[PDB]
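Report on the structure given below.
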Amino acid sequence: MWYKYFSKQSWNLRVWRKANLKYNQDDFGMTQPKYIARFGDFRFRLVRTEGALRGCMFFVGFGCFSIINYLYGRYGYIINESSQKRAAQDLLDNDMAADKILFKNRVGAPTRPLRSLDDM
Amino acid sequence: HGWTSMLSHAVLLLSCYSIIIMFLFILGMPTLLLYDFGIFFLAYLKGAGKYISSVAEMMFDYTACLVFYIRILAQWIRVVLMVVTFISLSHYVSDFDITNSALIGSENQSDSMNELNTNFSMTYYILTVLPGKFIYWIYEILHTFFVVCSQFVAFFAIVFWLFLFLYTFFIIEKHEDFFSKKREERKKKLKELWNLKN
Amino acid sequence: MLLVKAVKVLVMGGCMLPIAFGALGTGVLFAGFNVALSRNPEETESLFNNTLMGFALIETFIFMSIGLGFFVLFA
Amino acid sequence: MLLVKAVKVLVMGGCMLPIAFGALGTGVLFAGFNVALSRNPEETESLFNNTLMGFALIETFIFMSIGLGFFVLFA
Amino acid sequence: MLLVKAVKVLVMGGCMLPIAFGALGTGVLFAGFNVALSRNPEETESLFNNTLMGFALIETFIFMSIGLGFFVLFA
Amino acid sequence: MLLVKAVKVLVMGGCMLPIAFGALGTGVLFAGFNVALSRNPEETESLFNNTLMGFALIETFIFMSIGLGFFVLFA
Amino acid sequence: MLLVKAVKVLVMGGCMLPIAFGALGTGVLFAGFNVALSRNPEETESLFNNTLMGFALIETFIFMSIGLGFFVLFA
Amino acid sequence: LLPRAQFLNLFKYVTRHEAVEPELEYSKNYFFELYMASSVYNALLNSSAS
Amino acid sequence: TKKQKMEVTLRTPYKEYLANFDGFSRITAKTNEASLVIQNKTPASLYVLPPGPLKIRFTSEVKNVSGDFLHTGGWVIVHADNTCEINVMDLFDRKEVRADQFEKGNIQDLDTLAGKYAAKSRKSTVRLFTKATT
Amino acid sequence: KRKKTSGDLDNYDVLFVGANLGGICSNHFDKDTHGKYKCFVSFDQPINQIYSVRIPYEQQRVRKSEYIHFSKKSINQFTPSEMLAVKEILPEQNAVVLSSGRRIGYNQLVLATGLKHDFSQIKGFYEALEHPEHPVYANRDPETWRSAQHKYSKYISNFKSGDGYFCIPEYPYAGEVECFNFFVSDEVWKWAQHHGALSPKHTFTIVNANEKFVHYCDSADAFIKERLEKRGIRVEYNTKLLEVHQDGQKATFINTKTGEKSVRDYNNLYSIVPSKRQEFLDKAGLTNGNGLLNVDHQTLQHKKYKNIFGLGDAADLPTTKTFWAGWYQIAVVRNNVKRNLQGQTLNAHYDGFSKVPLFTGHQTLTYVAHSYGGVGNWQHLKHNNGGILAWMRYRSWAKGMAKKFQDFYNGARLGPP
Amino acid sequence: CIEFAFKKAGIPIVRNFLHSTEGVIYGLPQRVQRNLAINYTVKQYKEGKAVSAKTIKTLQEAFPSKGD
Ligand SMILES: CCCCCCCCCCCCCCCCCC(=O)OC[C@H](COP(=O)([O-])OCC(O)COP(=O)([O-])OC[C@@H](COC(=O)CCCCCCCCCCCCCCCCC)OC(=O)CCCCCCCCCCCCCCCCC)OC(=O)CCCCCCCCCCCCCCCCC
Ligand SMILES: CCCCCCCCCCCCCCCCCC(=O)OC[C@H](COP(=O)([O-])OCC(O)COP(=O)([O-])OC[C@@H](COC(=O)CCCCCCCCCCCCCCCCC)OC(=O)CCCCCCCCCCCCCCCCC)OC(=O)CCCCCCCCCCCCCCCCC
Ligand SMILES: CCCCCCCCCCCCCCCCCC(=O)OC[C@H](COP(=O)([O-])OCC(O)COP(=O)([O-])OC[C@@H](COC(=O)CCCCCCCCCCCCCCCCC)OC(=O)CCCCCCCCCCCCCCCCC)OC(=O)CCCCCCCCCCCCCCCCC
Ligand SMILES: NC(=O)c1ccc[n+]([C@@H]2O[C@H](COP(=O)([O-])OP(=O)(O)OC[C@H]3O[C@@H](n4cnc5c(N)ncnc54)[C@H](O)[C@@H]3O)[C@@H](O)[C@H]2O)c1
């Protein structure tokens, strides 16, 4: 007679795999939008819940961020080395132009940069 | 810590270890709480998402997980205040004025006893200057008591009390209620004894 | 180099801005407590327990700023 | 170059402005919660729920800026 | 060049100013929603909906500001 | 050193900002205490204690700033 | 060196900010005291004492500010 | 006449006629007396005259 | 749907003073929080007046009424159809105040939570009536 | 400055019957004449659902606030309004009697009563549409649903199995092309069969009471029937839904051609609400045949009773009864009506332009543009097979159209031109 | 205070006016004094169980309260 002493007020939830099945995922959460495409539908279809998906992407994110950070260290010069060489000579061209037009006192200090707009 | 003075070469040995024990085990309490939640731990913190993009929510979930810990670690700045405020008082007391002019029959004749010692402070020293040093003393210690007594409460009332009030709870629903009905049947079995008024 | 240092310290001063607003937000919070208390003092405990909770969150951000403050000053 | 970096670290300091308004904004929300509670303390549940929810959106903007801060500081 | 570039990243920081006012504006909105609820909690769903709606409009400005930021940062 | 010291002392001036907001928070707090006292004077002592109590939370930020002020002024 | 002295006197001016907020805080304090008196004139003397007391706390910030100013102006 | 319990639950819905000088929690119980005493006082007179 | 300019009704359980009157121009009374003023077009609202003074201005002089009274307590309702009704326990004129006749045997009270408010109110009205005579 | 005109009058010079399109014309009629005339408006329903964004609404790309609009908003403040339907119309006397009974006179009458929905044509339909769980769906939301009910968005999602029926009533009906969602459901249901969410033994057939989908455009209807077969959808013509049993999920269909009725089990039923002709327009001798107003195809003026006009859906016009078609029908009525009050001629002619999007995919569409003679413009059936071009046009209509119907009712934004 | 007198104590509004005028009944004319009078009888109704006389009218006699 254990069911005689069972309280039906525990039926407020249907817990299965640490998840309540009586959750309105159609009106709340990432699953509410019905304009999701083939990829997002197949993604939720696998996990059935946003709480489980967000949990896995939490760790998969560090994996991707820690990887692209490595590829950008190992590789990366393939696409930005030109902008670095560009800014290198550019940083020398403007420096060379500064020494030409700048007031240097008896010591090598630009004490009057506000002499004109070009000096600033 | 007085009773631990001879147990080592550092009187504060047991205290320097405990501050570390106190830090690591408080640091693991939130970590074990997320492990207890499971893979849904992010819904326990932030709730349901808003956007269909997992990359978008991934950023809002990292904040909630950071905020989850900042609520804890940011409270250790309270311990920094209690220490800094406690050290400033020790520095004022350890450096407080004590001279041969307050000693009875001093033999330290080489410590300013046989020298001409004037100053450029206010006169009526014991009526003007010396009380002011005691006035500041009372401020340093009252400011210390109010700080250490207050930061002590706020630390435990936020790290443990409030932190667990936000992420944990107790259910009002029950699954079994067989005590209520057995007590009723038991009370009818003892009806005759109660009639005698025990 | 020396300039960014002068800026690093300058930013550290800005951290005292929430320290200012936190004081104002307190006077406002405690003002509501008094009026709320004078309105219905029988329910003090509830009104009160919610007060400190709010305040805890208030100065928490204040400490948070100091964190970023020393960070940018040394990172 | 060096100045652009000096401005970047400065923009990072500006992030402590919402931190200030968040404290004031928090004191206000909890100030009304007290009064709103004293007026009708029977409904602690609903009011209290709305408090933290509102608080969430408030702090949400706080950390959003902090994220924006480190972004401009390194990008 | 770098001067205009310095102003670009500088404006990018200014976008955190509405973020501060958005935080304060949120506390005021919910503080009223709380008081508005304790007065007549019969209209939870109504008041609640009107609340989040107004909040949604606020994020429009917030996102609008950030959008203006990156735009001016690169254009 | 001397260059950074100049901005150090300038930052120390920033600590006078909470000194301003703390005053305003005080004027507002005692205002609520007075008006609230009139509505229900039966609990005067209760309100009075909470008033000064709230004020203690104001000078908190004050001393915190000055402490942080002299600190960066020398650290 | 010379600039350090210039920023010192500049900070000394910053002390006039709490002087401004203290004025507004005082007006607000007496503003509530007036309405408070009209609500319950039977206790005018009690309200009055609390009015000046709060104001005394305001001048504390004032003396605290100028004190810091004159200090940083000479230290 | 409706009882006290039914009157209060009905009176809280009052929104067209503002009640802020005395708050609604006090006004609801006060005007209930007026509603009840008015009928009683009038009934006694009619019966006493009869 | 709507009513004319206004109508006021001042009634007392033992006498009716104004079943319906339109000549009055303004009404002012003292509530618990503060003094209010009810006149034409006053929106809907309820009020409860403690034993305070009630002053009402008359465009044309009404017989037997002075326009200044001290009531012992009453209810006020401003109906939706621009109509206000004042119902007080009793009414009298200031000229019949007969001051200095207070505290004639009813000073004794009981030390309880209810007796506390009883004495509180009694003292509040005494200070009020004394001022009302001025 | 200006004072609101009076509504408690015995007669006016202009009278609008309708708020969806009859309100947009009035608000446009005043600004064209600068308020020289006093016009009255009388609608029947308080709410006007934006059916032009019905499909983005079912996709929850449009909140319920941006899809539900009151009739008062379409009407301006100066013009009075009253929610009482006309009980009868007497053109010989130039007056209109309302349900209450107050006789009102007029000089020019504009009718925008459109097609009135009649849920009673299908027994048990409304009661099943209002049930928050039953799989019976419709084209509009009942007025009993609150802001927390989103059953409309579960037609495509909750189709795990069973027999599905998309029913189309007998022409004339409202929502010819703006309510055809059998191309988005196919793409969404093609995915469900891929990962098993939708059982493989399911049946979806389009029950079209009429013989053709688009009556006044052969190019569009030929494209639809061509695309439906390419997708693999089945259709049944001359069959109209007749009854719906909410207990056993039985749908009673009837083939008007053969008069043979059948009963079919259903598990996901969608139907476009059927219309119904109003008798007060037939008793006055204004409609012709089907029940639409007998008006000129160019000037929109009624054949007889030249002082009366008609536009919207109630008008008998050889074109698609869309909303953009209404934008060009209000500019004509405000012109001609402006000329009748001044005795001038009618120089405004309606070309029969109508523009409505056809959603060819979950996030793709193509515009069905055609004039009176079914001739399409440069936009007619372009980027129909999907692509980047159709994808952008879709986002422009879903995320940028519902926010525009607020201005249309206010007046800040007028028609396209 | 009329509001707190009812909240923290079960004092009805009518009883408050009575306690209010209680201290000024003599100041008011005799016309009003005769009006402020309550005297009746309450019986718990069996043949002769109880006979209660309600004459105080200010304490927990006519208008009971929580404080009493
Ligand atoms: C570039 C530098 C690279 C550096 C190196 C990087 C190295 C990386 C290595 C690793 C690879 C990354 C791995 C990622 C996965 C990691 C795990 C994970 O995250 O989980 C899965 C995760 C799933 O994503 P999700 O968040 O769940 O999806 C969102 C929704 O749920 C989706 O909702 P939905 O499914 O319902 O519908 C989605 C979509 C509908 O989706 C579709 O319909 C598309 C489906 C089409 C399928 C077609 C198939 C074709 C067949 C294949 C080929 C056949 C071959 C044919 C024959 C060929 C013969 C040769 O609907 C929409 O309308 C979407 C919104 C509109 C689009 C917004 C895009 C904004 C981008 C702006 C950039 C503009 C640049 C233009 C430049 C163009 C020219 C260069 O995958 C990813 O996150 C992908 C990575 C995203 C990272 C973004 C970071 C960058 C942010 C933008 C930067 C902008 C550019 C800046 C540089 C510009 C320089 C010019
Ligand atoms: C320098 C280092 C710094 C880092 C320090 C980090 C240290 C932190 C230590 C934390 C503790 C780690 C220990 C984890 C224990 C896990 C044990 C376990 O496996 O139990 C499972 C357990 C989940 O089980 P459950 O929750 O009890 O119930 C599951 C339900 O019943 C299931 O219901 P359902 O069936 O509906 O769910 C569906 C499914 C959904 O799954 C999915 O989402 C699907 C994903 C997609 C899969 C790919 C699909 C591909 C499809 C291809 C299809 C192709 C077909 C094409 C067509 C073919 C045609 C033929 O869910 C699952 O089954 C997956 C759940 C298990 C995921 C495990 C994730 C944790 C991995 C951690 C890796 C780290 C390892 C190193 C640890 C280091 C420790 C020293 O895992 C957890 O609970 C994880 C809890 C984590 C909480 C701790 C978080 C700590 C955060 C640390 C970062 C702090 C940041 C802030 C720091 C601030 C400054 C200090
Ligand atoms: C027909 C007319 C005939 C008569 C006409 C002529 C009348 C006489 C005119 C006077 C002529 C000038 C007098 C020159 C001779 C002075 C000889 C002498 O022994 O002076 C030594 C004495 C010490 O100087 P020193 O030894 O040469 O050292 C040189 C430097 O000080 C060293 O520099 P430092 O910075 O290093 O020194 C620190 C500085 C520290 O800085 C300070 O000066 C401290 C100042 C803080 C207190 C200031 C407030 C005092 C008044 C408060 C009362 C206000 C009441 C009203 C409030 C209204 C608010 C609007 O000084 C001190 O520390 C002094 C400490 C010793 C005094 C403290 C203890 C005194 C005991 C008081 C108990 C009184 C109980 C009644 C007993 C009466 C009989 C004895 O000199 C003075 O203090 C001068 C006092 C001048 C009086 C000031 C006003 C007093 C008002 C009291 C009102 C209450 C009584 C009402 C009476 C009403 C009568 C009508
Ligand atoms: N997809 C659908 O099911 C659907 C349904 C209705 C409208 N619409 C859209 O609305 C557009 C224009 O709508 P419409 O103006 O042709 O008609 P309508 O649907 O907007 O209704 C006409 C207005 O007049 C009122 N009305 C009807 N009979 C009335 C009567 N006897 N008395 C008083 N008022 C009466 C109606 O309540 C309404 O306010 C259409 O082009 C169409 O796109 C679509």
Side-chain angles (χ1 to χ4, degrees), chain D residues 1-8 10-62 64-66 68-69 71-73 75, chain E residues 1-52 54-59 61-63 65-70 72-74:
Chain D
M1 293 294 97
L2 178 60
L3 176 138
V4 168
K5 174 173 178 59
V7 179
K8 278 182 167 59
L10 195 76
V11 166
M12 187 61 185
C15 177
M16 298 178 297
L17 170 67
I19 295 178
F21 283 57
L24 185 68
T26 296
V28 170
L29 184 59
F30 279 88
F33 181 60
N34 279 24
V35 175
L37 182 68
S38 61
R39 301 281 174 172
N40 190 30
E42 69 86 7
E43 201 71 2
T44 61
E45 179 180 358
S46 308
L47 304 172
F48 191 98
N49 296 130
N50 307 129
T51 297
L52 296 178
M53 196 188 77
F55 177 92
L57 302 173
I58 286 177
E59 74 179 353
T60 295
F61 290 110
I62 298 294
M64 176 177 292
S65 59
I66 300 170
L68 188 71
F71 173 86
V72 180
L73 183 64
Chain E
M1 177 54 60
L2 299 176
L3 178 59
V4 174
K5 181 175 180 62
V7 181
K8 277 184 165 60
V9 315
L10 189 68
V11 171
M12 190 63 184
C15 178
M16 298 184 302
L17 170 66
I19 301 183
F21 285 63
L24 185 63
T26 295
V28 170
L29 179 58
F30 279 92
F33 173 59
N34 288 20
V35 169
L37 188 69
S38 54
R39 174 58 174 81
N40 183 6
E42 180 175 16
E43 293 93 47
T44 44
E45 68 291 352
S46 186
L47 303 181
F48 190 89
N49 295 342
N50 296 115
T51 288
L52 299 180
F55 171 71
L57 274 49
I58 290 172
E59 292 186 347
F61 298 110
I62 301 298
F63 295 134
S65 184
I66 302 172
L68 188 70
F70 290 97
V72 177
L73 187 71
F74 300 147

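Here is how names work: the chains are called A, B, and so on, in the same order as the sequence lines, proteins then strands, and each is numbered from 1. Values below: every heavy atom of this structure, side chains too, minus hydrogens, waters and symmetry copies.
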Please state whether the side chain, the backbone, both or neither of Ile62(E) comes within less than 4.5 Å of a heavy atom of chain D. side chain

Does a side-chain heavy-atom distance below 4.5 Å link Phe74(E) with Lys8(E)? no

Which of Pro41(E), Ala31(E), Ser38(E) touches chain D most, by non-hydrogen pairs under 4.5 Å: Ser38(E)

Where does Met12(D) contact chain E at under 4.5 Å (heavy atoms): side chain, backbone, both or neither? neither

Would you indicate whether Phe63(E), at its atom CZ, is surrounded by more than 12 heavy atoms from other residues, nucleotides or ligands within a distance under 6.0 Å? yes

For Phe21(E), is it the side chain, the backbone, both or neither that has a heavy atom under 4.5 Å from a heavy atom of chain D? both

Against chain E, work out which of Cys15(D), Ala20(D), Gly69(D) has the most heavy-atom pairs shorter than 4.5 Å and name it. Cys15(D)

Is there a side-chain contact between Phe30(E) and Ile58(D), using heavy atoms and a 4.5 Å cut-off? no

Among the listed options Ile66(E), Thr26(E), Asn34(E), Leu24(E), the residue most often paired with chain D at heavy-atom distances under 4.5 Å: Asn34(E)

Where on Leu47(D) is there a heavy atom nearer than 4.5 Å to chain E: the side chain, the backbone, both, or neither? both

Comparing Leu3(D), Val7(D), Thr60(D), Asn50(D) against chain E, the one with the most heavy-atom pairs below 4.5 Å turns out to be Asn50(D)

What part of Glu42(D) is in contact with chain E, defined as an atom under 4.5 angstrom from a non-hydrogen atom: side chain, backbone, both or neither? side chain

Looking at side-chain heavy atoms only, is the closest gap between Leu73(D) and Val11(D) below 4.5 Å? no

Engaged part of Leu29(E) at the chain D interface, taking heavy atoms whose separation is under 4.5 Å: neither

Side chain, backbone, both or neither: which part of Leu52(E) has a non-hydrogen atom closer than 4.5 Å to chain D? side chain

Non-hydrogen side-chain atoms of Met16(E) and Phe61(D) separated by less than 4.5 Å: no

Test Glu43(D) against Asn40(D) for side chain to side chain donor-acceptor pair (under 3.5 Å), laying out the working first. CA-CA 6 Å; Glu43(D) 201 71 2; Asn40(D) 190 30; 5.3 Å; no

State, with a plain yes or no, whether a side-chain heavy atom of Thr44(E) is found less than 4.5 Å away from one of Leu37(E). yes

When you compare the side chain of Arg39(D) with that of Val35(D), does any pair of heavy atoms fall below 4.5 Å? yes

Where does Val72(D) contact chain E at under 4.5 Å (heavy atoms): side chain, backbone, both or neither? side chain

